[PDB]
Amino acid sequence: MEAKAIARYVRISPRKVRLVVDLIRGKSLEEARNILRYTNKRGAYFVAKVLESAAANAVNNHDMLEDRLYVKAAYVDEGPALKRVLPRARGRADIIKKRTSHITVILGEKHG
Amino acid sequence: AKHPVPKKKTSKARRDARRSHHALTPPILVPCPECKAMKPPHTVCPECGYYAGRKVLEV
Amino acid sequence: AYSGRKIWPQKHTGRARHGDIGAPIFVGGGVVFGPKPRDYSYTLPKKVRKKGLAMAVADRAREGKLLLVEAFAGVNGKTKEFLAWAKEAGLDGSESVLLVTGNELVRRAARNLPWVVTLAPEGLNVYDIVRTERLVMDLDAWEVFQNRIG
Amino acid sequence: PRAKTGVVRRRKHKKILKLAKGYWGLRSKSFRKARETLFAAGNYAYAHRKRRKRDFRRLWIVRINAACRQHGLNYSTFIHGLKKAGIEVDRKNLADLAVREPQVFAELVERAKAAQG
Amino acid sequence: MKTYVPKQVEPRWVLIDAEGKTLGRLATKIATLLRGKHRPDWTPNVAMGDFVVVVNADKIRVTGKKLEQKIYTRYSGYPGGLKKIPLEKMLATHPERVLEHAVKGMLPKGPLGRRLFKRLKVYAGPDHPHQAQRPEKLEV
Amino acid sequence: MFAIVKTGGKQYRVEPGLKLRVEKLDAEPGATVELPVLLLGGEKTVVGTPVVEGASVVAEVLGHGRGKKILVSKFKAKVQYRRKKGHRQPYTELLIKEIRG
RNA sequence: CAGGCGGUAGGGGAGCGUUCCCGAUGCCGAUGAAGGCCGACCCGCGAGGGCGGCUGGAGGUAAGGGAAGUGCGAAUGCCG
RNA sequence: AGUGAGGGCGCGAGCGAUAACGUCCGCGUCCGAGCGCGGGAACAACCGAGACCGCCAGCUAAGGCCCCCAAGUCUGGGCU
RNA sequence: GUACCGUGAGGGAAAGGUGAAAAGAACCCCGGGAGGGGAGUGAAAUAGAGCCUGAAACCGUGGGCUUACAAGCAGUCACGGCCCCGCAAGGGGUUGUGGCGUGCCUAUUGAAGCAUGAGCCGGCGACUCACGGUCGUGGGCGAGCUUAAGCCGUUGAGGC
Ligand SMILES: [Mg+2]
Ligand SMILES: [Mg+2]
Ligand SMILES: [Mg+2]
Ligand SMILES: [Mg+2]
Ligand SMILES: [Mg+2]
Ligand SMILES: [Mg+2]
Ligand SMILES: [Mg+2]
Ligand SMILES: [Mg+2]
Ligand SMILES: [Mg+2]
Ligand SMILES: [Mg+2]
Ligand SMILES: [Mg+2]
Ligand SMILES: [Mg+2]
Ligand SMILES: [Mg+2]
Ligand SMILES: [Mg+2]
Ligand SMILES: [Mg+2]
Ligand SMILES: [Mg+2]
Ligand SMILES: [Mg+2]
Ligand SMILES: [Mg+2]
Ligand SMILES: [Mg+2]
Ligand SMILES: [Mg+2]
Ligand SMILES: [Mg+2]
Ligand SMILES: [Mg+2]
Ligand SMILES: [Mg+2]
Ligand SMILES: [Mg+2]
Ligand SMILES: [Mg+2]
Ligand SMILES: [Mg+2]
Ligand SMILES: [Mg+2]
Ligand SMILES: [Mg+2]
Ligand SMILES: [Mg+2]
Ligand SMILES: [Mg+2]
Ligand SMILES: [Mg+2]
Ligand SMILES: [Mg+2]
Ligand SMILES: [Mg+2]
Ligand SMILES: [Mg+2]
Ligand SMILES: [Mg+2]
Ligand SMILES: [Mg+2]
Ligand SMILES: [Mg+2]
Ligand SMILES: [Mg+2]
Ligand SMILES: [Mg+2]
Ligand SMILES: [Mg+2]
Ligand SMILES: [Mg+2]
Ligand SMILES: [Mg+2]
Ligand SMILES: [Mg+2]
Ligand SMILES: [Mg+2]
Ligand SMILES: [Mg+2]
Ligand SMILES: [Mg+2]
Ligand SMILES: [Mg+2]
Ligand SMILES: [Mg+2]
Ligand SMILES: [Mg+2]
Ligand SMILES: [Mg+2]
Ligand SMILES: [Mg+2]
Ligand SMILES: [Mg+2]
Ligand SMILES: [Mg+2]
Ligand SMILES: [Mg+2]
Ligand SMILES: [Mg+2]
Ligand SMILES: [Mg+2]
Ligand SMILES: [Mg+2]
Ligand SMILES: [Mg+2]
Ligand SMILES: [Mg+2]
Ligand SMILES: [Mg+2]
Ligand SMILES: [Mg+2]
Ligand SMILES: [Zn+2]
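Residues numbered from 1 in each chain as written, not as in the entry; some residues may be left out. Chains lettered and ligands numbered in written order. Part of a larger assembly, values for the part shown. Heavy atoms only, no water.

- Its PDB header names X-ray crystallography as the technique used to obtain the model and reports a resolution of 3.40 Å.

- Chain D is annotated in the PDB entry as 50S ribosomal protein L20 of Thermus thermophilus.
- According to UniProt, the comment filed for chain D under the heading Sequence similarities is "Belongs to the bacterial ribosomal protein bL20 family." (UniProt positions renumbered as here; feature names shortened; annotations may be inferred.)

- Chain C goes by 50S ribosomal protein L4 in the PDB entry, where it is assigned to Thermus thermophilus.
- Comment text from UniProt for chain C, heading Subunit, reads "Part of the 50S ribosomal subunit."
- According to its UniProt record, chain C has this under Sequence similarities: "Belongs to the universal ribosomal protein uL4 family."

This is the structure in structure tokens:
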């Protein structure tokens, strides 16, 4: 038994967020709260808000107890990127890929 | 120069392989004495504003 | 419905060579040996067609499924009328039936029936014949039949 | 009537990716790579089905020569004793007895020993 | 039916004295005991051979004028790095190396082959550092 | 206590009540056949020249049946030559019943 | 029963699968159509075909024939 | 139908330099198409040998039988 | 004939599908919003509007086998270990060591070739048709065979 929350379409490159998530995967809910409170990365913001929304779900929706929670599993799926255009030299354009991510976090209880 | 160019697509392995030290490392945390809450060492605590006993920055 | 232009020069493009986009190699290109209209018909020889018509018919009497009739009793342009005339001639419609008569009023009636194919005599032919078992027929039609042969 | 390609190809490629399961990298994911890889396997096997035969043949002969060398004599004479003596136990079941039934082998050594002269 | 597979074997430790035996011709059969081909169940995919300890290595023989004229060659990796030291010099200074360098060449190359070399234990002169192993002296 | 028999043009070491498979035979799935002995031994130690005269082996042809098909390919390069034969090997499966030597 | 059976250019042969028509006012089909994903089972020398579980939600089409926009890995191919 | 670029080797000639993995004919072979198999360290055409499928069965061929490597540290006489 | 491209003549796209019915998700929870979790509608919500089915390349997370003295067209053959399905026999996954092993295509006397083409996946893509020849073949009639255009009839009916 567990509760999850998912930030779909967050406009940041998945490769960059996975680095973040990997910090917390498995940790206690309050280790996370601090791990992200001081991690030096954009994605910490977007990871945190999932974590915080996920936990809020787990208690306020699924019986659970905040001090019992830990990240059972997390993972950043990649989502549709915005293709845009970058004028290069000599008339060539290039296709820049502003990417996005689906950030999933899943916590659970652990009775000790 | 004559425009060096990679000659073979990187294997997925050799890609994933190079990244082997890209793994981020977590922040160094001490607990702030004056509040028992977590802060990065040798820095003035963001929460209580005390540092080395005295109260440095008011929060 | 495109244009003629050679989309990009013959050389130094570094792209593969082409001409117009209409070329069937492209998507939206023309079709290579795509169907045009045709006339599938021919003149299957008059002797053969005659010879077929015979054998078809003969094959029914060989099974004994041909049935000549002259009398169309109640039959008078209502289905029920024929539906009972059929009753009284081993035609409950277990087998499917080719009906061949001169008069309209009968084929009129038998028309809407889901095991009957009707037909003017002069249009009696071998696909509609082979298509069914029992083949029922006017005496006035049988006249034309043996006369459309010979 | 246009016979749109349809399911044929995707199905046909699929039956290959099947056969290519367990292959390294694209050789297990790319049709064009299975076919290549698979071409090889198909020849490699038939080559080795034909070869596997003369593999054991040698493994036996080693296990045999290793046994006559225990009873003084060598393989190349040990046989000619069997060939003279009229015995026709195969090299398979020779090396069989060699491990499993030493004393039986030793008896066989003796007939062939004798039979040479 | 299927061929017998060797379940698992306790190793066999030999004692061979090199003193007054031709180099190669000794190496030739040390190989086969290393390789373990001598045992009537032998199997080429696993390391069952005989742990051979060799003695009086430095006191080995060789024919011809080979003492002087047969030269060992090895190459560093740098230019002119071909080092070439004669046989004389070798057993003069690193004695045991001679017999080894000759056996390694008669052992199969790659994994198991190299593994087999590590079972061969060679000492120049009088005796060896593991009487504790209880090594059977073979006279071949 | 075994025997070295011959069948299918291959020699097999068999003991009583043995499950084994031989090269296909023409006998009944349920009947029996006598296999020749080339060498008997166990408590005895008989040697054939090439076959031991008196020694014979009973075998219940327990069931015929077909093997497991193997795709055997063939490929010649730069010539467009490829060939797929699927082949399953026929086999009769005997139960070794008893020895007579 | 005996014998032949390597094969490029290439000649011949026998089949498989796709699209459609007759078979069809029929037949299968929400007790689940087409397609998708699995399979160590079945049949076939093979191309294939069955079967079974999962998905899927509305179509599908026999035996036997017929007609073709009929089978792709390459074309610095075309599109995505 | 395809083919109308042949190649190497043996041998018989010319040309060449009694040169060339040279060239040009004649006879034959082999490769081509047998870059399938064994030898030849490896290696189209040298030696052996013409692969329908299967076998943990057997005789051989060239070549081999100290060890890597299957099988003689075989046997007798002689030379270096 | 739009976006867009060209001064211009002109060129010239891509882009369809929730469900029977909007019943298109009130209200609570985290959130700046996005978006998610409950609840709710539905026969079904991995039918939630970035909506039917939802393959592949490609990217993740968990699991099992596996790997840091081995060298390599990545396979194959054998053995062995650990893992899973089987009472058994058996299988399926993996691969440590051993045997053996010069990619596909085209073009070529000859290619692994340091010749050629291909990043990968999917989809599109190349021997047709009309007339007339000429063999072959299945039929019809046979010193004869056959109709063309058309006319009559049918609405997939033929006859003349
Ligand atoms: Mg910070
Ligand atoms: Mg409670
Ligand atoms: Mg708290
Ligand atoms: Mg710039
Ligand atoms: Mg890019
Ligand atoms: Mg790019
Ligand atoms: Mg605090
Ligand atoms: Mg236009
Ligand atoms: Mg006429
Ligand atoms: Mg007449
Ligand atoms: Mg023999
Ligand atoms: Mg033994
Ligand atoms: Mg001497
Ligand atoms: Mg001197
Ligand atoms: Mg001592
Ligand atoms: Mg001492
Ligand atoms: Mg000591
Ligand atoms: Mg008897
Ligand atoms: Mg219809
Ligand atoms: Mg219908
Ligand atoms: Mg229902
Ligand atoms: Mg279902
Ligand atoms: Mg289906
Ligand atoms: Mg079918
Ligand atoms: Mg069926
Ligand atoms: Mg089913
Ligand atoms: Mg059909
Ligand atoms: Mg493109
Ligand atoms: Mg010419
Ligand atoms: Mg050619
Ligand atoms: Mg070749
Ligand atoms: Mg080669
Ligand atoms: Mg060869
Ligand atoms: Mg050859
Ligand atoms: Mg020896
Ligand atoms: Mg003399
Ligand atoms: Mg709030
Ligand atoms: Mg808010
Ligand atoms: Mg919601
Ligand atoms: Mg409900
Ligand atoms: Mg559902
Ligand atoms: Mg359902
Ligand atoms: Mg959705
Ligand atoms: Mg949309
Ligand atoms: Mg989509
Ligand atoms: Mg999707
Ligand atoms: Mg999916
Ligand atoms: Mg290690
Ligand atoms: Mg390796
Ligand atoms: Mg290696
Ligand atoms: Mg389990
Ligand atoms: Mg089971
Ligand atoms: Mg088991
Ligand atoms: Mg297994
Ligand atoms: Mg492996
Ligand atoms: Mg295994
Ligand atoms: Mg290997
Ligand atoms: Mg005539
Ligand atoms: Mg006439
Ligand atoms: Mg006309
Ligand atoms: Mg009508
Ligand atoms: Zn504080």
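**Some details on the overall build of chain C**
(1) Moving on: A tally of regular secondary structure across chain C gives five helices and four strands.
(2) Moving on: Scaling as 2.2 N^0.38, a compact globule of 150 residues should have a C-alpha radius of gyration of about 15 Å, whereas chain C reaches 28 Å, well beyond that.
(3) Moving on: Principal-axis analysis of the C-alpha atoms gives chain C an extent of 90 × 35 × 25 Å.
(4) Moving on: Burial analysis of chain C (150 residues in total) assigns 25% to the buried set.
(5) Moving on: Pairs at least 24 apart in sequence give 53% of the contacts found in chain C among residues at least 6 apart.
(6) Moving on: Accessible surface for chain C amounts to roughly 10,500 Å². Of this, 56% is attributable to carbon and sulfur atoms.
(7) Moving on: Taken as two groups, the 24 positive and 16 negative side-chain charges of chain C have centres that lie 17 Å from each other. (Helix = DSSP H or I, 4+ residues; strand = E, 2+ residues; numbered from the N terminus. Rg over C-alpha atoms; globule rule 2.2 N^0.38 Å. Buried < 20%, exposed > 50% of the residue type's maximum accessible area, 1.4 Å probe, protein only. Contact = heavy atoms within 4.5 Å. Areas by Shrake-Rupley, 256 points an atom, 1.4 Å probe, with all protein chains shown as cover. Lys, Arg positive; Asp, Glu negative; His and termini not counted. Charge placed at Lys NZ, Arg CZ, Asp CG, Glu CD.)

**Focus: the environment of C:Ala73**
(1) Moving on: Relative to the assigned elements, C:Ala73 resides in the loop between β1 (66–68) and α2 (79–87).
(2) Moving on: Through-space distance from the C-alpha of C:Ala73 to that of C:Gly22 is 68 Å; in sequence the pair is 51 residues apart.

**Concerning the protein's contact with RNA strand H**
(1) Moving on: Around RNA strand H there are 42 residues in total, and D:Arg49, D:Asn65, D:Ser76, E:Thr3 and F:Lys74 lie nearest to it.
(2) Moving on: The separation between a sugar or linking oxygen of RNA strand H and a polar side-chain atom of D:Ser76 is 2.4 Å.
(3) Moving on: For RNA strand H, a phosphate oxygen lies 2.5 Å from a polar atom in the side chain of E:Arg35.
(4) Moving on: Looking at the surface near RNA strand H, the elements with two or more residues in it are α2 (31–68), α3 (75–85) and α4 (91–100) of chain D, α1 (23–34) of chain E together with β2 (10–14) and β10 (85–87) of chain F.
(5) Moving on: If one sorts the elements of the surface near RNA strand H by residue count, α2(D) sits on top with 13 residues.
(6) Moving on: Considering only residue class, the surface near RNA strand H consists of 12 nonpolar, nine polar and 21 charged. (Near = heavy atom within 4 Å. Polar contact = N/O pair within 3.5 Å; in protein donor to acceptor, adjacent residues only side chain to side chain. Nonpolar A, V, L, I, M, F, W, Y, C, P; charged D, E, K, R; others polar.)

**Digging into the sheet that holds strand β2 (residues 50–55) of chain E**
Residue and element names in this part refer to chain E.
(1) Moving on: Ordered in space as β5-β2-β1-β6, the four strands form an open sheet in which the pairing is parallel. Sheet topology places β5 (121–122) and β6 (136–137) at the edges, where each strand pairs with a single neighbour.
(2) Moving on: With two bridges connecting them, β2 and β5 associate as parallel partners. Each bridged residue has a counterpart across the sheet, and for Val53 the counterpart in β5 is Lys121. (Pairing = 2+ DSSP bridges.)

**A few points about unusual backbone geometry**
(1) Moving on: Geometrically, the link from F:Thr49 to F:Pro50 is a cis peptide bond, its omega value of -10° lying close to zero.
(2) Moving on: One non-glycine residue with positive phi stands out, namely E:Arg134, at about 55°.
(3) Moving on: Residue placement: E:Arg134 occurs in the loop between β5 and β6.
(4) Moving on: Given a relative accessible area of 74%, E:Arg134 falls into the exposed group.

**Quick notes on the protein's contact with RNA strand G**
(1) Moving on: By nearness alone, 42 residues border RNA strand G, and D:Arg10, D:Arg11, D:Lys15, F:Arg66 and F:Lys68 come closest of all.
(2) Moving on: Contact between RNA strand G and D:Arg32: a base nitrogen at 3.4 Å from a side-chain N or O atom of the residue.
(3) Moving on: Residue F:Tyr81 places a side-chain N or O atom 3.1 Å away from a phosphate oxygen belonging to RNA strand G.
(4) Moving on: Taken together, the elements giving at least two residues each to the surface near RNA strand G come down to α1 (7–19) and α2 of chain D together with β10 of chain F.
(5) Moving on: The element contributing the most residues to the surface near RNA strand G is α1(D), with 10 residues.

**Details of the arrangement of the chains**
(1) Moving on: In this assembly five pairs of chains touch, with chains D and F having more contacts than any other pair.
(2) Moving on: A gap remains between chain C and chain D, which never touch, and the nearest two C-alpha atoms on either side lie 8 Å apart.
(3) Moving on: Without any contact between them, chain C and chain F keep their closest C-alpha atoms 25 Å apart.

**A short note on the nonpolar core**
All names here are of chain A.
(1) Moving on: If you look at the biggest cluster of nonpolar residues, it comprises 29 residues, and the most contacted ones within it are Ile24, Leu51 and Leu107.
(2) Moving on: Listing elements by their share of this core, those giving two or more residues are β1 (2–10), α1 (14–24), α2 (29–35), α3 (42–61), β2 (69–87) and β3 (93–109).
(3) Moving on: Sorting elements by how many residues they give to this core places α3 first, with seven residues.
(4) Moving on: Excluding anything up to four places from it in sequence, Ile24 contacts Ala32, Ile35, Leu36, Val47 and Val71. (Core = buried A, V, L, I, M, F, W, Y, C linked by side-chain atoms within 4.5 Å.)

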